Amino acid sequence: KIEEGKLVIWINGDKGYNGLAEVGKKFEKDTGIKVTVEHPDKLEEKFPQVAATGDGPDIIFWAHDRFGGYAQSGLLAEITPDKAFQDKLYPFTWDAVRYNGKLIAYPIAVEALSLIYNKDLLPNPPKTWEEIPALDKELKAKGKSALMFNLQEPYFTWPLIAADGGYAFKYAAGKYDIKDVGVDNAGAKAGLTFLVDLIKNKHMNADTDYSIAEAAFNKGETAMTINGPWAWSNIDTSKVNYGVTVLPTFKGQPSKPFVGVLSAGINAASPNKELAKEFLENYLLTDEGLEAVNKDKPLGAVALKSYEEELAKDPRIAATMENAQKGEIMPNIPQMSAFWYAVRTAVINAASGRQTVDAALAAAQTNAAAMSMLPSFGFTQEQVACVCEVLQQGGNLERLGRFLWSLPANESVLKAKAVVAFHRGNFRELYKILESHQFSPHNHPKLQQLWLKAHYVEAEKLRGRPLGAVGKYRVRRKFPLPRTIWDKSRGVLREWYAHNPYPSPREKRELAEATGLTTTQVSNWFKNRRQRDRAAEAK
């Protein structure tokens, strides 16, 4: 349960959580209410999982697009700002957090991706995507590359996919039509094809993620990157002579980033709803509150009019709003989760060469539409377990992933999540799953293989060359099977141990006789077996 008389706040790890904790300290001094800020992984998915049980943070921060889903799940308290307070934030930011006429969160700041460029390498940045292959050639001559940006999160690739006509859900008659998905049209294909060709023609690598892109730009290895305002303070530290500017056009049309409004919701299960309101309205959403967070990691174009008047003078903020204006404010509807799931899969598959652009996007269209239309019918745990086992045995791992996604608010599920994580190459999440729960002996062999295969994949990539027998031997030694998935004479011993885990000296002699072992061996086996059973209880 959430502790009454305290505030727990969750915000993403790329945001200014240290600055937010500073606002918390001032709040605590005034009120006696300690504030704790956390930035857990996969926050957007963890919140509904833990808030559901009445647990989790008092206050949740994410872009507004996740919030309709949260509200529909009954996870959010309605927020009650008065006219005076509402007047202090821009109307379009309130719009982003309005859901069926109700305000379901406080808007904090407008986030839009921009082109970030090295002015030393590139005083005149490219106006078009089309001119980027040629520019990369020119820079490769000098030991540099033209562009690196996160290719793992579809947030970063969507501006290009949307440029020539891709869209999530069609807006018509005052609402988003969840039956009209636009991920499969000519425009979307053209955009993703251009991206994939960049990769085919060696201008980008399909494995580039956030960290790799950030490191390269901040070290002056690449002339350009694509990122949001939160990224700017690390670039400041790097002393790179950077500019922030309009995204390149594609086929003569602007890149269209999906624009986020960082928002703060109150957990409906929180016993501290009035303290949360006081924190958000009277400490955070003030010139001094936002400045403290902004100084840590820039927020973007803040919702608070008084402070935005000052930030808007910054060319980096000017460029942010220009990109935002050419892009589109994300919908906040519950179906946005299905959209992002489907598109994430497609970009990864197309970029890696696993599927053609056409096939990847065709499947994304079908999946997004189908997932957005799923009935709310709930299955029992036993039924969920049965489905999980059937889909695994059938090798239907894509279906299994979508089924797991559908689960609302057991061992079979955890095993399924591990298999899917492995399937996706999410090895960190896989290891977390394998290590965090005790599994049944009959599930050990399969789970052991996942642990081993993943570690081999990771090792072989670090090696740049095929892992041979000795290499695999070394990996095994360096990363032993965790005890969560790893332990004829044994037969006699196990049956006996179930009756009595503490044999007497005479009973040990009888057992040594029956198993062909020595009493010393019998003793050791029993001690070990008791230690292991104990380790397994602790889980």
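A residue's number is simply how far along the shown sequence it sits, counting from 1.
- The modelled chain breaks between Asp487 and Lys488, where 10 or more residues of the deposited sequence lack coordinates.
- The entry shows an unbroken chain from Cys386 to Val387, with no unmodelled residues of the deposited sequence in between.
- Look at the mean CA B-factor for 58 to 66 and for 40 to 48 in the entry; the higher one is 40 to 48.
- Stretches 493 to 501 and 31 to 39 differ in mean CA B factor, with 493 to 501 having the higher one.
- The residue among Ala163, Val240, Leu280, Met204 whose C-alpha atom has the highest B-factor in the PDB entry is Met204.
- Looking at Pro466, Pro154, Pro331, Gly327, the one whose CA carries the top B-factor in the deposited record is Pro466.
- Compared with the other modelled residues of the chain, the Cα B-factor recorded for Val23 ranks in the lowest third.
- Annotation for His442: C-alpha temperature factor in the highest third relative to the rest of the modelled chain, per the entry.
- Among the modelled residues of the chain, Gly516 sits in the highest third by CA temperature factor in this PDB entry.
- Per the PDB record, residue ranking by Cα B-factor puts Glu398 in the middle third of the chain.
- In this PDB entry, the Cα temperature factor of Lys256 sits in the bottom third of its chain's modelled residues, the lowest group.
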